[PDB]
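J.: Dropping a structure here in structure tokens format, bear with me for questions.
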Amino acid sequence: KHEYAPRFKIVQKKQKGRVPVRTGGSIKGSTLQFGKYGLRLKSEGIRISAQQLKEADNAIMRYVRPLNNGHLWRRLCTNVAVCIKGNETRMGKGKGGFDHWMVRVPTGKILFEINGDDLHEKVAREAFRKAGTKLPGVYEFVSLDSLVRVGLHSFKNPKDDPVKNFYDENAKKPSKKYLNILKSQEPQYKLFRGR
Amino acid sequence: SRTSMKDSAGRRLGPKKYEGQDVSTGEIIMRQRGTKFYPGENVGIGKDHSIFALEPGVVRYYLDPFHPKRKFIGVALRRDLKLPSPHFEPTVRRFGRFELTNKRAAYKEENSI
RNA sequence: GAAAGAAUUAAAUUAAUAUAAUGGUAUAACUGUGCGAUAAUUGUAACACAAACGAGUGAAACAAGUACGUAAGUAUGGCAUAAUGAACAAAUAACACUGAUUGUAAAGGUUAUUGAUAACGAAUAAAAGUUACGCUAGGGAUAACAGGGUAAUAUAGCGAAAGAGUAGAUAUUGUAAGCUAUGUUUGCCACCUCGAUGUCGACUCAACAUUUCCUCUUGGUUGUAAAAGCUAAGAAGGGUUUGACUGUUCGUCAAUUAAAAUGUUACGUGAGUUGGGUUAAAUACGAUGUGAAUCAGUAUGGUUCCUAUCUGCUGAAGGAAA
RNA sequence: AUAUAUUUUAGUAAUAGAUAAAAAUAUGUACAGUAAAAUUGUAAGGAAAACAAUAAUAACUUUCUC
RNA sequence: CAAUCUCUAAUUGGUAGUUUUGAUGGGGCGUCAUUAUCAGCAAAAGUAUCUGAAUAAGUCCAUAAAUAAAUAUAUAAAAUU
RNA sequence: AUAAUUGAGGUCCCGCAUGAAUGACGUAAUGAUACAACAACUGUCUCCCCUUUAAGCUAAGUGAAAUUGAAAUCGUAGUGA
RNA sequence: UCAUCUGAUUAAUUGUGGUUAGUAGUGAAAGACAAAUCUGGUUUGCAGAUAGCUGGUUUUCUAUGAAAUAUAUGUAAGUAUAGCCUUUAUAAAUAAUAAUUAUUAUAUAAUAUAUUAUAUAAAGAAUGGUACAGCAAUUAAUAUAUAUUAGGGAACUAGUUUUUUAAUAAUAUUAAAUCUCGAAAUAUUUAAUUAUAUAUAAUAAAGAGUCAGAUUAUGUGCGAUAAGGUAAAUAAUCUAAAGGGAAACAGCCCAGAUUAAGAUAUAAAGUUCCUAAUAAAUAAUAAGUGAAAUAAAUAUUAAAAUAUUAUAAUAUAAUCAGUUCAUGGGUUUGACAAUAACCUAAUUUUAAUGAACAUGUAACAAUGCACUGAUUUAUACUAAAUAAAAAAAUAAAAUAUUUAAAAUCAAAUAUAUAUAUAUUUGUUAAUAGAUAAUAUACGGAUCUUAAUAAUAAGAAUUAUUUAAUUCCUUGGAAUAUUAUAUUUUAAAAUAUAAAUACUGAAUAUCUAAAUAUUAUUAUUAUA
RNA sequence: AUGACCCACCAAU
RNA sequence: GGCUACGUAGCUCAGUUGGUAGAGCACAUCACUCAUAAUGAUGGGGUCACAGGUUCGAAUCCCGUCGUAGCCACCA
RNA sequence: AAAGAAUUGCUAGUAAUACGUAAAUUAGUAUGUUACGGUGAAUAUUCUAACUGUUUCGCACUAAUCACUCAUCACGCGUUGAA
């Protein structure tokens, strides 16, 4: 509903920033969560405007609405407010009036997701290709068995990466603050703190 | 068009005397806006919560078992000591005076109430 | 077993705090309260922090006195960080320090306080314009134009294909978005000289590109019967206009033509021309300003030079290795 | 009973708590306590009056007591 | 009276001397000029621009809620009666 | 009005922003003023041709000038304040 | 000047002479004129006006050597204080720089559950909130056949209620200049040790210059993630730096000229030619892609791999059994649009008011809602059913996904080591797209190799590498070439070189020269 | 029947 | 396009320097008239165009959007 | 809570009467109609205004002043001028 037009109470101008190249191997929003088939970015990290996203959504919908129990999950919201000073002004007196909303999209991230009752995969693939024709990146069809993109030419299965109880790890190799707290909890300090 | 071209020269506000360092009575161990760092052994805290030197020693940023979730910045009177001082023990103390060995000096100090 | 206390852990700094925002805050700075109402005191301040200086910020301590607290003690204004202003000049103290021959005094010192310099390190006590009559020193160190940089813009192209297209997305059509190209335009930048008019249009003369207007070849074209066409490929050899109005580029319009392409070439072209426009000195008109004057306004008028040295080009000789 | 003097009472007024997040003073000191939000409520009462209730008891001590 | 001298006042582009701020992505008009807070600001400090501020400031807060609170009633004293 | 007219004249009046001695409006006469129309005429033009004279060119005589870092001084692409 | 046009008895034209001008006259009014030109003449004097502006500033040698920042400035073309510079000294002197130690833990070891030593691991005293990461609180976004609230609706018999709504809860999923609960490295900086002392601070007394910077790299604000842009931050160079490279080249890549010289190492970059200097392996490319200035989405053709089906496809008829799918429908039997989408049929043989439907050696089989047009709709008509054809898979079928060393696997390192863990390495190609203006322009030539056949060529492109090659532990061992010798029947066998690539600077060393300084000297004569 | 209509008031010689 | 003043009871115009829920005219209902219309006496209507915010209390106020004459005017 | 502008009846046994009475029409109901009586008045003619008969003067009216009549504007349609 509000993914292409956030309702920040205090509307305000924003700096340009940069699209996060996720050097640490994030895989956040790079996985199929809601649907069966999806459309992910394949190229370098890119900014997608609100209008472009809307058009992609519309393109996808043409295939989704005919389906029985058809659904489209829009995975990303255009949260960054872009201002643009007109291409007609001498220079930076002041800044720029609000123009459009935009989203910073990392390399591996999923944009859309679909799942119908009577949805064959070929149709879904076609729809997602047609959606990609309207967006500024280069995109890729992603199924539930197809594995998570991280880099431009690199891949990963989330099933593989290890599970860890971090409290236990902390206890094993404790910080100074934690040790101080533990000492405080002990009786030769707790009795004589005198509050 | 109104230009928000105004801002304030930032306030130099950080540690000014680091660990193991040798201070002197009355020096600024850490300007800060807030009691981010609380006065600790042998140190004093000023109006702005600035922390200053009370005894000439060695600054030591140390946590404290008694006061948890806090961080102090004291100044042991000597390096050998560890400012997270024990507790149930004598407290290091410094006399700080030179006995007037001069007859005249001693006389003046005494004779004078 | 029960009560009661003392509380302890968790949670919390989202409440609140004199006021922004951040930082801090329950060990509470926050809240209630008693007392009080004093330290919102007075001399020396070390020493740091910050820092060009002038200034500013923390502050041990020594000394005099006050307040609250059994006491430890704490208190030199507020949780912190804004809340301000030099000197000079007067003023009112205060001072007991000078006292111009002496004594007084006048006045001046010293301390205390005072009102603004917000273009807020304050040029004086006190100062707006216009110049197309303009002048000098300069800068091109920051605009004019032309080159460059750039490619939003502009110009063209491509992928995809919603939607037209009788019936069919791809005969022809092609939105919004997408990806490029281009380096023509409107920009943007100030990097060229800013002693580059070639001052923006015409004439003379063209050169070049091809992103082909015609002409030649050729695919498709329920939307090729034929003829007209539409659309696309190759293709730049040749050719691509004369008037009415307008300074005009442009456009409308007439009459034509096979067609009347699109550009580049310092928006091709004056040391080759014109000078109508934009253009200084006169001038008037509407509007603006108290006015001088002004204006993207409209209008009458209005000064351009140069014997070619080099390169280049057009011809023409001489010399010469033949 | 009742009369005169004399007085006394009645000038009718909140806090009774070291009060504690209503409004009142914002500098000092000393002592003490914890807020807000939210939800189940409740004459009028409702989205929005006030008011009530909204974590855990190991251990420790005291008192009674089988 | 009025004229002249002197003083005083009014008035004045008649005229004379003067000044007409700077920042500005050429200039001008606009806008601004001091303080404080965050980001920018890249885990010490510092950090710019006609940068973003839902920005904030040129302060505000005090003479106070007093007084009473131990020797008392008659009467006699003054070893506290 | 012209084949066709952003000009001209007439007229209309949402007079961006006319108006009465900064004079209003309308004529005659005048104007080296300006705009437009007609006729006549033209080498202005279609389209230039021819001719005369003064140069220009060659010989003799006298004999300048602005300019000039030094020059053994081509083309194109690229280059570079 | 000429041609022309105009006044030509008048406000006419002119001669001689005079008057009025430099705060200043004259002006039928133009800033017009006042002696070749005035919004105010000329001369002399003030007077060397004044110039934050412009230009100029003259010999040589030596040693050091900047800045273009901050602050304030009627200040932004200036000037002052600092920042950066120089000279000459000073010492209670190492305070300067750099690095290490500092810590956590494990093993063993020795003492007394202890705490020393050793060794190993760990981004290892202290401070911080960037990247990173994350969704906690805060700021935002998503999704629920959830619930609940009331409702929008809903039969019914207002309730119940049912397919919508909002919020909020529940769960799950995300991002952010001004959020950071996890959280780097760089960094800030501590004491002592250590190495720099022919060296650093620090301090004394003096001189400056600069306060227009530029580019390049990185993280940013602005700008359109435009600019040789603009605003700072950081690093370097330039500025002020000659040299080699990058065709040419302020800033990039190397590297710092004292004077030589030119033997030895080299740097960056290169080694077909131009043009100093080379030979190899192994892939891949065929496009001159390319060869020192990498142009895209997309299409195509390939290539691997992974599935599934594979050794059973083009070739080959038949396209059928509900079916003519159902509805509406002039028209619709495939395709009219809507709508629906799977089911029967298995010969050799049959009636209007009753026997699942049987396992017969097997009903079943999407093997088609004619793929899809066609057509008035059908018919016609292609039509899923699918093959012949297999020394079999080991490998040459289709339908895709894919374009990867994460995972898995292989190769290797590291620890205990008879192979235990951890780290590292290993996964696509070509064409098209292709695109302006003096002239083709990889710098130019030109480069992709071919037996026969020269001593003889065979990238000069791209990818990964070598200095012969393979082994071995830079140094080798082996051997194969390459060479040449030998002495024998062009071969033979033995021998030996030699396998150390090369060019390459004004770098370095070397070899001489100069000056300076510290340290020793030698000689001659504040000794 | 022809046949929808009617409109003004102000203050003295 | 941020950027100055104006958005009222049916109509017009209010009010001003707060101490607020006005005016006629039109309209409805009487009356007057033979019947109108004047005239006369009786009632109607303000969200004083929307958000939020303040002194005890803003039509008023602050604090800016959905609305009214607008903004081009260093050209060689 | 004696009822605004405005308006109605009545001049003598009348008005007024919180004085009653009767009848007709009713199977039946009078705050109405028509009759009866009891008590029983003030105020007055002098102005305007209105309606009438008598008279004056005027009179463009005559279904007669609720007459009649006039010009502009607005509508539609002829003719004839200026240009």
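By order of appearance in the structure tokens: chains A, B, ..., then residues from 1 within every chain, and ligands from 1 in the order shown.
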Do me a favour and pick out the residues of chain B within 7 Å of chain A, using only C-alpha atoms, as a list in words.
T.: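 So the contacting residues turn out to be residues 1, 3, 63, 64, 65, 66 and 68 of chain B.
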J.: I need the chosen residues saved as a PDB file, in the first residue's frame, with N, CA, C and O atoms.
T.:
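Result saved to selection-v1.pdb:
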```pdb
ATOM      1  N   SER B   1      16.716  32.238  -1.100  1.00  0.00           N
ATOM      2  CA  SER B   1      16.232  31.092  -0.287  1.00  0.00           C
ATOM      3  C   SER B   1      17.040  30.998   1.013  1.00  0.00           C
ATOM      4  O   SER B   1      18.274  31.170   0.955  1.00  0.00           O
ATOM      5  N   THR B   3      19.328  29.789   3.825  1.00  0.00           N
ATOM      6  CA  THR B   3      20.408  28.767   3.796  1.00  0.00           C
ATOM      7  C   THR B   3      20.770  28.374   5.233  1.00  0.00           C
ATOM      8  O   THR B   3      21.135  29.276   6.013  1.00  0.00           O
ATOM      9  N   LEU B  63      36.913  -0.170  35.120  1.00  0.00           N
ATOM     10  CA  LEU B  63      35.573  -0.453  35.573  1.00  0.00           C
ATOM     11  C   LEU B  63      35.626  -0.661  37.068  1.00  0.00           C
ATOM     12  O   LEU B  63      36.694  -0.596  37.661  1.00  0.00           O
ATOM     13  N   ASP B  64      34.475  -0.899  37.697  1.00  0.00           N
ATOM     14  CA  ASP B  64      34.422  -1.068  39.146  1.00  0.00           C
ATOM     15  C   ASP B  64      33.335  -2.051  39.502  1.00  0.00           C
ATOM     16  O   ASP B  64      32.210  -1.904  39.051  1.00  0.00           O
ATOM     17  N   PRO B  65      33.667  -3.057  40.309  1.00  0.00           N
ATOM     18  CA  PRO B  65      32.677  -4.043  40.726  1.00  0.00           C
ATOM     19  C   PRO B  65      31.544  -3.427  41.506  1.00  0.00           C
ATOM     20  O   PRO B  65      30.409  -3.841  41.331  1.00  0.00           O
ATOM     21  N   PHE B  66      31.828  -2.469  42.376  1.00  0.00           N
ATOM     22  CA  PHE B  66      30.763  -1.912  43.191  1.00  0.00           C
ATOM     23  C   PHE B  66      29.763  -1.262  42.294  1.00  0.00           C
ATOM     24  O   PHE B  66      28.617  -1.685  42.247  1.00  0.00           O
ATOM     25  N   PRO B  68      28.335  -1.003  38.995  1.00  0.00           N
ATOM     26  CA  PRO B  68      28.322  -1.690  37.703  1.00  0.00           C
ATOM     27  C   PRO B  68      27.765  -0.791  36.632  1.00  0.00           C
ATOM     28  O   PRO B  68      27.257   0.278  36.929  1.00  0.00           O
TER      29      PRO B  68
END
```
J.: Set the cut-off to 9 Å and count only C-alpha atoms (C1' of nucleotides): what are the residues of chain G that reach chain B? Output as a PyMOL selection string.
T.: chain G and resi 125-127+188-191
J.: Given the selection you just returned, output its residues as a file containing N, CA and C atoms (P, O5', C5', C4', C3', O3' and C1' of nucleotides), formatted as a PDB file, in the first residue's frame.
T.:
```
ATOM      1  P     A G 125      44.875  -5.583  24.014  1.00  0.00           P
ATOM      2  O5'   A G 125      45.336  -5.416  25.528  1.00  0.00           O
ATOM      3  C5'   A G 125      46.562  -4.737  25.849  1.00  0.00           C
ATOM      4  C4'   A G 125      46.500  -4.177  27.249  1.00  0.00           C
ATOM      5  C3'   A G 125      45.431  -3.112  27.479  1.00  0.00           C
ATOM      6  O3'   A G 125      44.283  -3.676  28.099  1.00  0.00           O
ATOM      7  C1'   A G 125      47.550  -2.184  27.871  1.00  0.00           C
ATOM      8  P     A G 126      42.833  -3.311  27.553  1.00  0.00           P
ATOM      9  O5'   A G 126      42.773  -1.729  27.732  1.00  0.00           O
ATOM     10  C5'   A G 126      42.773  -1.142  29.045  1.00  0.00           C
ATOM     11  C4'   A G 126      42.666   0.360  28.948  1.00  0.00           C
ATOM     12  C3'   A G 126      41.560   0.886  28.040  1.00  0.00           C
ATOM     13  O3'   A G 126      40.373   1.096  28.781  1.00  0.00           O
ATOM     14  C1'   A G 126      43.600   1.957  27.509  1.00  0.00           C
ATOM     15  P     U G 127      38.991   1.296  28.021  1.00  0.00           P
ATOM     16  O5'   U G 127      39.218   2.630  27.187  1.00  0.00           O
ATOM     17  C5'   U G 127      38.762   3.893  27.693  1.00  0.00           C
ATOM     18  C4'   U G 127      38.677   4.909  26.584  1.00  0.00           C
ATOM     19  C3'   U G 127      37.731   4.577  25.443  1.00  0.00           C
ATOM     20  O3'   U G 127      36.389   4.963  25.721  1.00  0.00           O
ATOM     21  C1'   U G 127      39.803   5.246  24.554  1.00  0.00           C
ATOM     22  P     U G 188      47.069   8.630  15.032  1.00  0.00           P
ATOM     23  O5'   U G 188      46.328   8.794  16.431  1.00  0.00           O
ATOM     24  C5'   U G 188      45.297   9.778  16.601  1.00  0.00           C
ATOM     25  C4'   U G 188      44.921   9.890  18.057  1.00  0.00           C
ATOM     26  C3'   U G 188      46.081   9.805  19.033  1.00  0.00           C
ATOM     27  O3'   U G 188      46.597  11.101  19.294  1.00  0.00           O
ATOM     28  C1'   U G 188      44.373   8.298  19.688  1.00  0.00           C
ATOM     29  P     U G 189      48.154  11.298  19.527  1.00  0.00           P
ATOM     30  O5'   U G 189      48.428  10.434  20.834  1.00  0.00           O
ATOM     31  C5'   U G 189      47.859  10.810  22.096  1.00  0.00           C
ATOM     32  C4'   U G 189      47.956   9.663  23.069  1.00  0.00           C
ATOM     33  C3'   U G 189      49.356   9.130  23.304  1.00  0.00           C
ATOM     34  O3'   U G 189      49.992   9.880  24.326  1.00  0.00           O
ATOM     35  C1'   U G 189      47.828   7.335  22.994  1.00  0.00           C
ATOM     36  P     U G 190      51.460   9.498  24.787  1.00  0.00           P
ATOM     37  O5'   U G 190      51.211   8.352  25.862  1.00  0.00           O
ATOM     38  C5'   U G 190      50.624   8.658  27.135  1.00  0.00           C
ATOM     39  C4'   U G 190      50.692   7.448  28.031  1.00  0.00           C
ATOM     40  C3'   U G 190      52.062   6.816  28.154  1.00  0.00           C
ATOM     41  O3'   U G 190      52.793   7.486  29.166  1.00  0.00           O
ATOM     42  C1'   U G 190      50.382   5.144  27.908  1.00  0.00           C
ATOM     43  P     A G 191      54.165   8.202  28.811  1.00  0.00           P
ATOM     44  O5'   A G 191      55.234   7.298  29.570  1.00  0.00           O
ATOM     45  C5'   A G 191      55.236   7.245  31.006  1.00  0.00           C
ATOM     46  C4'   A G 191      55.460   5.830  31.469  1.00  0.00           C
ATOM     47  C3'   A G 191      56.737   5.170  30.967  1.00  0.00           C
ATOM     48  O3'   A G 191      57.819   5.487  31.826  1.00  0.00           O
ATOM     49  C1'   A G 191      54.908   3.705  30.650  1.00  0.00           C
TER      50        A G 191
END
```
J.: Within 7 Å of stretch 11-25 of chain D, counting only C-alpha atoms (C1' of nucleotides), which residues show up once you throw out same-chain ones fewer than 2 positions away? Write them as a ChimeraX atom specification, please.
T.: /C:31-33 /D:33,35
J.: Determine, counting only C-alpha atoms (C1' of nucleotides), which protein, DNA and RNA residues have an atom within 12 Å of an atom of residue I:65; residues of the same chain fewer than 3 positions away are not included. Present the result as a list in words.
T.: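 Contacts, with the query itself left out: residues 50, 51 and 52 of chain I.
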J.: Give me the residues near residue A:16 as a ChimeraX atom specification, where near means some atom within 9 Å (using only C-alpha atoms (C1' of nucleotides)) and where sequence neighbours in that chain fewer than 3 positions away do not count.
T.: /A:80,82 /G:177,221,225
J.: Which residues, written as a list in words, have at least one atom at most 12 Å from residue C:302, with only C-alpha atoms (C1' of nucleotides) counted and residues fewer than 4 positions away on the same chain left out?
T.: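 Result of the neighbour search: residues 275, 279, 280, 281, 282 and 283 of chain C.
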J.: Write out as an MDAnalysis selection string which residues come within 8 Å of stretch 1-9 of chain H when counting only C-alpha atoms (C1' of nucleotides), dropping same-chain ones fewer than 3 positions away.
T.: (chainID I and resid 36:37) or (chainID J and resid 66)
J.: Once you count only C-alpha atoms (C1' of nucleotides), which residues of chain B turn out to be within 8 Å of chain C? Could you give them as a PyMOL selection string?
T.: chain B and resi 12+24-28+31+33-36+46-50+52-54+67
J.: Would you list, as a PyMOL selection string, the residues of stretch 6-192 of chain A that end up in helix (DSSP H, G or I) under DSSP run on this structure's backbone?
T.: chain A and resi 50-64+121-132+166-172+176-185+187-190
J.: One decimal, in Å: what's the spacing between atom CA of residue B:112 and atom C1' of residue C:44?
T.: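 Distance between the two atoms: 18.5 Å.
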J.: Using DSSP assignments from the backbone, pull out every residue in stretch 25-91 of chain B that falls under strand (DSSP E or B) and give it to me as a list in words.
T.: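 Checking each residue of stretch 25-91 of chain B, the strand (DSSP E or B) ones are residues 28, 29, 30, 38, 39, 43, 44, 45, 51, 52, 53, 58, 59, 60, 61, 62, 72, 73, 74, 75 and 76 of chain B.
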J.: With N, CA, C and O atoms retained, could you export that selection as a short mmCIF file (atom, residue, chain, number, x, y, z; two decimals), in the first residue's frame?
T.:
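Once everything was written out, this is out03.cif:
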```cif
data_model
loop_
_atom_site.label_atom_id
_atom_site.label_comp_id
_atom_site.auth_asym_id
_atom_site.auth_seq_id
_atom_site.Cartn_x
_atom_site.Cartn_y
_atom_site.Cartn_z
N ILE B 28 43.18 18.20 33.19
CA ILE B 28 41.92 17.71 32.69
C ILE B 28 42.02 16.35 32.06
O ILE B 28 42.43 16.20 30.93
N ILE B 29 41.61 15.34 32.81
CA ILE B 29 41.73 13.98 32.33
C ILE B 29 40.67 13.67 31.28
O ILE B 29 40.84 12.72 30.54
N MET B 30 39.59 14.43 31.21
CA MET B 30 38.63 14.18 30.13
C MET B 30 37.45 15.11 30.02
O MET B 30 36.45 14.92 30.70
N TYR B 38 32.70 8.47 35.10
CA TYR B 38 32.48 9.00 36.44
C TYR B 38 33.75 9.21 37.20
O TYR B 38 34.68 8.45 37.04
N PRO B 39 33.80 10.23 38.03
CA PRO B 39 34.97 10.44 38.85
C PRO B 39 35.28 9.20 39.62
O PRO B 39 34.36 8.58 40.13
N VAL B 43 40.30 11.42 41.96
CA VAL B 43 40.05 12.34 40.87
C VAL B 43 38.89 13.22 41.24
O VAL B 43 38.13 12.89 42.14
N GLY B 44 38.73 14.34 40.56
CA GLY B 44 37.65 15.26 40.85
C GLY B 44 36.85 15.58 39.61
O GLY B 44 37.40 15.61 38.53
N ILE B 45 35.55 15.83 39.76
CA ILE B 45 34.68 16.12 38.63
C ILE B 45 34.18 17.54 38.66
O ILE B 45 33.57 17.94 39.64
N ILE B 51 36.50 15.85 34.16
CA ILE B 51 37.20 15.12 35.23
C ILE B 51 38.60 15.66 35.41
O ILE B 51 39.31 15.81 34.43
N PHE B 52 39.01 15.97 36.63
CA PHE B 52 40.33 16.59 36.82
C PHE B 52 41.23 15.90 37.80
O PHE B 52 40.80 15.01 38.51
N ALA B 53 42.49 16.33 37.88
CA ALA B 53 43.48 15.66 38.72
C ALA B 53 43.58 16.15 40.14
O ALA B 53 43.75 17.32 40.39
N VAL B 58 49.03 8.29 38.12
CA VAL B 58 48.91 7.70 36.82
C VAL B 58 47.48 7.41 36.49
O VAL B 58 46.83 6.67 37.21
N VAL B 59 46.95 7.99 35.42
CA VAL B 59 45.53 7.82 35.07
C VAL B 59 45.14 6.42 34.65
O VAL B 59 45.82 5.83 33.84
N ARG B 60 44.07 5.87 35.18
CA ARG B 60 43.77 4.51 34.82
C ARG B 60 42.29 4.31 34.64
O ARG B 60 41.54 4.32 35.60
N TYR B 61 41.84 4.13 33.40
CA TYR B 61 40.42 4.00 33.10
C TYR B 61 39.99 2.62 33.48
O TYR B 61 40.30 1.66 32.79
N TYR B 62 39.24 2.49 34.56
CA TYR B 62 38.90 1.18 35.03
C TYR B 62 37.47 0.99 35.41
O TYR B 62 36.87 1.87 36.00
N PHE B 72 35.03 4.44 35.30
CA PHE B 72 35.70 5.49 36.02
C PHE B 72 37.01 5.87 35.40
O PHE B 72 37.46 5.23 34.46
N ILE B 73 37.64 6.90 35.91
CA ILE B 73 38.88 7.35 35.37
C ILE B 73 39.56 7.92 36.54
O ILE B 73 39.33 9.06 36.90
N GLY B 74 40.39 7.13 37.19
CA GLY B 74 41.05 7.59 38.39
C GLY B 74 42.49 7.92 38.18
O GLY B 74 42.92 8.11 37.06
N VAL B 75 43.24 7.99 39.25
CA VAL B 75 44.63 8.33 39.14
C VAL B 75 45.40 7.79 40.30
O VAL B 75 45.64 8.50 41.26
N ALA B 76 45.79 6.54 40.22
CA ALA B 76 46.57 5.95 41.29
C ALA B 76 47.78 6.79 41.52
O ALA B 76 48.27 7.43 40.61
#
```
